[PDB]
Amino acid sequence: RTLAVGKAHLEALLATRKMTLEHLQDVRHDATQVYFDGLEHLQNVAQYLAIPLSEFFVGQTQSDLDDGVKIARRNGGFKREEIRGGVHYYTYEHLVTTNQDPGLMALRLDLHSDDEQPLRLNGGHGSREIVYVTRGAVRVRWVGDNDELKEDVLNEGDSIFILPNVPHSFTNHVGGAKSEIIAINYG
């Protein structure tokens, strides 16, 4: 019908440009919200103010925290198996996620496939990563300096930090011994 943005927030954006609401042609408002014909109209104002569109929605989505915190339950959220050409590779389970840090992706992974399983590196991630081995023994492989493959074995209680965009893979060291890790991507 109409696209709403928070008045106070929009007024602060205008103030960084030394403007007020009067400097916007023909928008309507009420006590708390400013109304736009649609995204296209909003884009035009954004262009005029030389602010990117994203800024106009910052802080508009309601926090999903309760009292400064958010709780998630085992087996409670998103989960799926990862199966590639008939080979069961991972179980991916979301741990707590929040709209107060969309850059945080915390996972619990079951590692299902073995030694006769082929290498399938990722392309690396913009996020930093720390991984901790909750159970079993885990083969970690990654692409090091001068694009050379490296490897090591992480046992229960070991951990690893991985810089952005380093390509890497986690598999069971033994096979038939299913291992588990927690992987936290951030920043």
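When you see a residue number, it is the position in the sequence shown, counting from 1.
Modelled in this chain, residue 122 is nonetheless absent from a third or more of the other compared entries whose models extend past it on both sides. Residue 84 is a gap in at least a third of the other entries compared, counting only those with both neighbours built.
The question of which stretch, 25 to 33 or 41 to 49, has the higher mean Cα B factor is settled in favour of 25 to 33.
Just going by the entry, 151 to 159 versus 116 to 124 on mean CA temperature factor gives the higher value to 116 to 124. Taking the deposited Cα B-factors for 59, 144, 136, 68, the highest one is held by 144.
In the deposited entry, the Cα temperature factor of residue 20 places it in the middle third of its chain's modelled residues.
Remark: residue 101 belongs to the lowest third of its chain, ranked by C-alpha B-factor as recorded. Sort the chain's modelled residues by C-alpha temperature factor and residue 74 lands in the middle third, per the entry.
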